[PDB]
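Engineer: Dropping a structure here in structure tokens format, bear with me for questions.
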Ligand SMILES: *[C@@H]1O[C@H](CO)[C@@H](O[C@@H]2O[C@H](CO)[C@@H](O[C@@H]3O[C@H](CO[C@H]4O[C@H](CO)[C@@H](O)[C@H](O[C@H]5O[C@H](CO)[C@@H](O)[C@H](O)[C@@H]5O[C@H]5O[C@H](CO)[C@@H](O)[C@H](O)[C@@H]5O)[C@@H]4O)[C@@H](O)[C@H](O[C@H]4O[C@H](CO)[C@@H](O)[C@H](O)[C@@H]4O[C@H]4O[C@H](CO)[C@@H](O)[C@H](O)[C@@H]4O)[C@@H]3O)[C@H](O)[C@H]2NC(C)=O)[C@H](O)[C@H]1NC(C)=O
Ligand SMILES: Cn1c(=O)n(Cc2ccc(F)c(F)c2)c2cnc(Nc3ccc(C(=O)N4CCC(S(N)(=O)=O)CC4)cc3)nc21
Ligand SMILES: [Ca+2]
Ligand SMILES: [Cl-]
Ligand SMILES: [K+]
Ligand code: NA
Ligand SMILES: [Zn+2]
């Protein structure tokens with residue numbers, strides 16, 4: 001109940017919301033059906049439109065008008081945004097030359113440059129080039145300020161998850177808004193685009209920027225506008241708030257536009273009908289900039305122009321139906337469209353079985369346009385598993401397609417021509433970022449980055465300490481002229497042991513054999529030097545990784561590779577080696593096929609054993625440094641040390657052996673040498689964070705050898721590929737992956753073919769940032785380079801996406 005009999009007189013777009021049953025006058029009151037009876041009359045004036053005309057100049061103030069052109073309008077703060085242009089001979093902001101803003105030029109009483117976030121729905125990255133002729137205000141922000149060629153959204157590429165990630169710096173699995181539609185089984189409640197459940201604060205986790213600001217004494221405008229409030233009124237309201245007295249005036253504001261998304265769904269991303277919505281949003285930007293210029297704030301405020309996601313061509317006929325796969329289609333509930341989420345229709349149905357659903361949906365039709373996954377098996381880069389609102393069964397839908405439960409759902413729920421929501425590496429889903437103002441750089445292009453990084457920068461722009469989030473603070477320092485955040489590298493928690501030769505061969509009873517009984521003082525000193533680290537500068541190019549948790553581990557040096565060997569998990573945490581452009585690939589010699597050799601530096605008690613592998617009929621093993629890339633026949637023996645062995649399913653060994661035998665040398669050829677760091681990851685609770693030992697669900701049978709859930713590799717070279725990886729003077733280039741360690745290749749529909757037809761495609765799907773691997777391992781990489789720490793933070797957030805231009 002609301003007592004709508006109260007009045008909005010002197011309260012229009014009040015900043016503090018009042019509690020029921022008192023009636024409201026704030027920018028969300030319409031959404032709650034709770035505005036005072038006179039809100040439209042007082043707060044949503046429209047008389048005479050949004051623009052001054054010559055005949056209105058110096059008019060007697062009429063309080064009924066939408067905006068004013070009377071002499072007192074600047075002091076009242078309520079002129080139409082074109083007032084000074086029409087009535088005072090001034091230029092529109094867009095017509096002015098750009099001039100570098102070296103320092104804030106702010107009116108007296110301003111304690112900091114305000115921040116205005118201008119967010120646009122469905123603004124695909126390529127609109128900046130393709131719509132350039134019709135968006136002169138946005139093009140001026142872009143060219144004069146700091147811009148990226150695109151910004152990567154989070155998955156799913158829908159509005160609610162992305163706007164709330166922009167506001168929090170958190171992945172959707174952590175902030176809790178994991179779709180536009182959700183069921184929470186603990187609450188037994190459903191969140192939808194339509195209706196009141198979505199207003200309950202229990203869905204919304206993390207700490208969004210407006211709360212961060214308020215808690216730290218920085219006042220905020222309200223960031224939500226009821227959809228029926230026209231954009232012109234939203235802009236005027238922002239400009240009116242910016243005329244409040246200092247102690248009442250917010251320092252951070254947000255505008256959101258439902259366009260161009262609304263028209264893109266109707267017309268497709270590049271429908272001819274899309275020019276007008278792009279022109280209209282540009283005109284709104286121009287209203288804001290003209291208004292700021294009026295207030296003498298156009299060289300004071302930082303403006304961020306940012307999208308939530310892009311838009312792809314999607315039509316009703318490109319729909320896959322689960323009724324063409326499942327015999328049992330009425331026993332499931334599907335969240336449908338550009339992703340699928342499946343759960344049981346009834347929790348009382350004890351016949352429901354996820355394994356049989358997944359099997360029925362796996363590689364059943366030759367050009368199948370979706371792929372099923374249990375959520376823990378999705379690419380780790382999507383960070384889309386650790387939330388009870390994310391169903392265990394997920395369908396990743398191909399770009400341009402939908403999935404639905406039955407055909408009738410498509411015509412009893414063609415209309416639309418555009419949609420979005422697909423994997424966030426898809427080109428059409430990319431969106432936009434421009435920052436303009438005194439704190440951003442001038443005429444600067446920055447590389448693409450992820451929207452999770454922006455919260456920390458918005459906090460930097462406002463002098464706020466960010467709440468804990470998934471950005472890497474400092475990775476976007478290169479966007480900023482000032483207010484940079486200068487982090488220190490984390491301190492190493494565990495220092496390595498450096499074992500020498502401590503055990504005789506007969507102390508080991510591992511059930512291993514090797515044909516290595518072969519025959520020299522010239523070479524003898526050389527072998528000793530290699531084991532004490534003489535080649536370590538060649539193979540450990542950026543310092544040893546730091547271990548940021550408490551554990552026991554040993555550094556082991558070899559001619560061709562260096563490793564950090566865990567005494568707790570019985571295998572390397574990391575193995576580092578460099579492969580030059582000139583390196584040769586060799587075979588594993590016939591007589592060494594099953595060779596595994598005790599490591600006389602590491603106790604039998606802290607070693608794996610071959611008998612466990614023999615007995616475990618499902619599990620085999622592989623090596624982290626590949627025997628194929630040994631520098632000589634003699635050095636190859638080191639590759640078969642028990643301290644270089646890791647548990648591998650046979651199906652996974654197909655993938656791993658092709659990576660090691662074919663792809664590493666391909667990359668060294670293309671990149672002019674590569675440095676490779678590889679290792680295991682354990683994430684049995686799919687939280688994106690390193691497991692402790694007591695979280696491990698699977699061991700090699702009869703042993704305490706834990707089975708990794710994934711294997712990673714970080715592949716680094718010189719950005720200037722005229723310099724070899726091991727003699728690089730300048731910035732680096734990296735690509736990384738986190739491959740799921742699975743007992744089958746059901747993910748790869750073409751896996752019965754030769755590895756040359758499917759393995760690199762799998763690897764591309766499971767591309768990763770170095771930072772993802774850091775979270776999953778508790779390791780910190782790139783400790784000792786010639787590069788600035790912020791540059792290295794940027795490198796650790798890079799994702800190699802494998803999309804065309
Ligand atoms: C991305 O960045 C984020 C933010 O930094 C990282 O997430 C943090 O990760 C931490 C570790 O996973 C986690 O720390 C835990 O916090 C517990 C207290 O949590 C509450 O309070 C905070 C602070 O205000 C709040 O933010 C939390 O918000 C979560 O939950 C609410 C409602 O339930 C949601 O609205 C909200 O969206 C958010 O949910 C997300 O996180 C939770 C986990 O907290 C997930 O379950 C959700 O799916 C969703 O992802 C909470 O309101 C604290 O109690 C924990 O301590 C336990 O473990 C330690 C082990 O050392 C032990 O000492 C304690 O005793 C305790 O264990 C006991 O409880 C166990 C569980 O029942 C039990 O099994 C044991 O036997 C013990 O009795 C822990 O410190 C932190 O909460 C989140 N924060 C957020 C915002 O998500 C995230 O990791 C980053 N991601 C990557 C990939 O890097
Ligand atoms: C979820 N969230 C936030 O975290 N903030 C705050 C914020 C966060 C970051 C910013 F950067 C910013 F500035 C503000 C928001 C501010 N406004 C809105 N308004 C919406 C959202 C969706 C729909 C809708 O129902 N749909 C999207 C539009 C389509 S359309 N185009 O088909 O109408 C229909 C579905 C209608 C209105 N949502 C917000
Ligand atoms: Ca984990
Ligand atoms: Cl959704
Ligand atoms: K075996
Ligand atoms: Na397969
Ligand atoms: Zn949309």
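Just so you know, the numbers here start at 1 and follow the chain as drawn.
According to its header, this structure was worked out by X-ray crystallography, 1.5 Å.
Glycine is treated like the rest: Cβ placed from N, Cα and C.
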Engineer: According to Swiss-Prot, 159, 180, 420 bind 1-hexadecanoyl-sn-glycero-3-phosphate; which of 261, 353, 491 is also listed for that site?
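Structural biologist: Looking through 261, 353, 491, the residue Swiss-Prot assigns to the 1-hexadecanoyl-sn-glycero-3-phosphate site is 261.
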Engineer: Looking at 465-486, 773-794, I want to know which stretch Swiss-Prot calls region 'Required for secretion'.
Structural biologist: 773-794
Engineer: Using DSSP, what's the helix, strand and coil tally for the region 'Required for secretion' (773-794)?
Structural biologist: 11 helix, 2 strand, 9 coil
Engineer: Which ones, of the recorded positions 12, 43, 69, 121, 309, 749, have a Cα no more than 10 Å from the Cα of residue 261 (1-tetradecanoyl-sn-glycerol 3-phosphate binding site)?
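Structural biologist: Matched recorded positions: 121, 309, sequence order.
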Engineer: Where DSSP helix means H, G or I and strand means E or B, what are the helix, strand and coil counts for the domain 'SMB 1' (4-47)?
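Structural biologist: Taking the domain 'SMB 1' (4-47) as a whole: 9 helix, 4 strand, 31 coil.
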Engineer: Quick check on the gap: how many Å separate the Cα of residue 413 from the Cα of residue 414, given the 4 unmodelled residues in between?
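Structural biologist: Here the endpoints' Cα atoms lie 12 Å from each other.
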Engineer: Around the 1-tetradecanoyl-sn-glycerol 3-phosphate site (159, 180, 261, 420), what further same-chain residues have their C-beta within 8 angstroms of the site's C-beta centre?
Structural biologist: 121, 122, 157, 158, 160, 162, 308, 309, 421
Engineer: Between residue 519 and residue 520 there is a gap of 2 missing residues, so what is the CA distance across it in angstrom, to the nearest whole number?
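Structural biologist: So the two residues bracketing the gap are 9 Å apart at Cα.
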Engineer: Could you list the residues of the same chain, at least six apart in sequence, whose Cβ is under 8 A from the Cβ of residue 512 (disulfide bond)?
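Structural biologist: Correct list: 596, 597, 598, 609, 610, 642.
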Engineer: To the nearest whole angstrom, what is the C-alpha distance linking residue 300 (disulfide bond) and residue 159 (Zn(2+) 1 binding site)?
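Structural biologist: Answer for this pair: 30 Å between alpha carbons.
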